[PDB]
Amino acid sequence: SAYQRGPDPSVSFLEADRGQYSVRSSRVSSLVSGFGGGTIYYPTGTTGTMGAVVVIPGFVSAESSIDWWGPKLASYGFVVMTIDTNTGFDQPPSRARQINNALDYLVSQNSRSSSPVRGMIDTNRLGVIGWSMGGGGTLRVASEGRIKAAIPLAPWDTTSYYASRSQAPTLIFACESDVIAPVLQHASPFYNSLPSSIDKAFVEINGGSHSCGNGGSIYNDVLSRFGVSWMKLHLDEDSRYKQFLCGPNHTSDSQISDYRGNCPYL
C-alpha cells in the first residue's frame, strides 16, 4: 500500500507502549467552535501524509477518560485528537455533530501554515473512536459516509438505526460486566445490526466494567492488537495487519469473553 508506515508487525510490536514514532501534543482551546477543545497527538520525524482520528468520551466524562488512545495510536503513524464535548450532558446526536466538527477542524489544520500538523493529514482517511454515548455518536458518524473506520467503545444509544446504516468498517469493543451500557441492550444489538457489506468485528472483554475499552489499565493487550490493527487495515489499507484480525482463535484468548466478525476481510 501507498499508505503503509512502520515495520512489519508482530504481537510484540502491538503490545509495546508505543509504536515506531515519537509523539508530541498540541492543545486545542475550549473556545474553539463546534466542540469543547482537545489535544492533538502527532508523530515527529515523519514525512508525507497520514490518517487522522478523533476520540470522544461519554456522558459527564472528559477527554482524560479516553486519552490513552492518543499517544498510543499516534505513535504508529496517525494524527489523533482527543476531544471534550461542549457539556458533559451531551447525548449521542449532539456528540455525533461534535465528532464531525472535530474532524472538520483537523481537516482545516492540514492547510494552516501555523499548525504543528500542517501537511500531515490525509484528509480522505479519517477515523473515529468513541466511548459510550460517544460510541453512539461514532455509529451515527459511521452511517454518514465520510469516515473510513469506526471503533465504538462500550457504546450507548437509543436506537440501532444508525448501526444498521454503517458505511465504515466497524469494530465494537464490549465490556462483559457493563452495567451502564449493558451489552445486551447496546453493544450486542448494535453489532448485530451492522450491514454485511462492511468489515466488522465484536470484541467483548472478559470481566470488563464499562471503562474497559478506554485504555490505560489491564486490558491494553487486546485493545492494542485489535484497535491499532483496525486503523492500519481500514485507514492505511495495510494488509500486514490482517493477520491479527483474521486467523486467530479470538474467543480462546483469556481477555475475550465473546468475539463475532465477518472474516476473511477482502
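Note that residue numbering follows the sequence shown and begins at 1.
*Asks:* Given the B-factors recorded for C-alpha atoms, which segment has the greater mean, 37-45 or 51-59?
*Replies:* So the stretch with the higher mean C-alpha B-factor is 37-45.
*Asks:* Pick between 23-31 and 214-222: the one whose mean CA B-factor in the entry is higher.
*Replies:* The recorded data point to 23-31.
*Asks:* Quiz for you: based on the deposited Cα B-factor, which of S188, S132, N86, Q109 is highest?
*Replies:* Going by the entry's C-alpha B-factors, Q109 comes out highest.
*Asks:* Among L184, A150, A174, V117, which carries the highest Cα B-factor?
*Replies:* Reading the PDB entry, the winner on C-alpha B-factor is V117.
*Asks:* Can you tell me which third, lowest, middle or highest, the CA B-factor of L139 falls into for its chain?
*Replies:* It falls in the bottom third of the chain.
*Asks:* Looking at the C-alpha B-factor of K72, is it in the lowest, middle or highest third of its chain?
*Replies:* Ranked within chain, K72 CA B lands in the middle tercile.
*Asks:* Grab the CA temperature factor for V11 from the record and place it in the lowest, middle or highest third of its chain.
*Replies:* Middle third - that is where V11 ends up once the chain's C-alpha B-factors are sorted.
*Asks:* How does the C-alpha B factor of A201 compare with the rest of the chain: lowest, middle or highest third?
*Replies:* Its C-alpha B-factor belongs to the lowest third of this chain's values.
*Asks:* Taking the values exactly as deposited, rank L103 by C-alpha B-factor within its chain and report the matching third: lowest, middle or highest.
*Replies:* Middle third.
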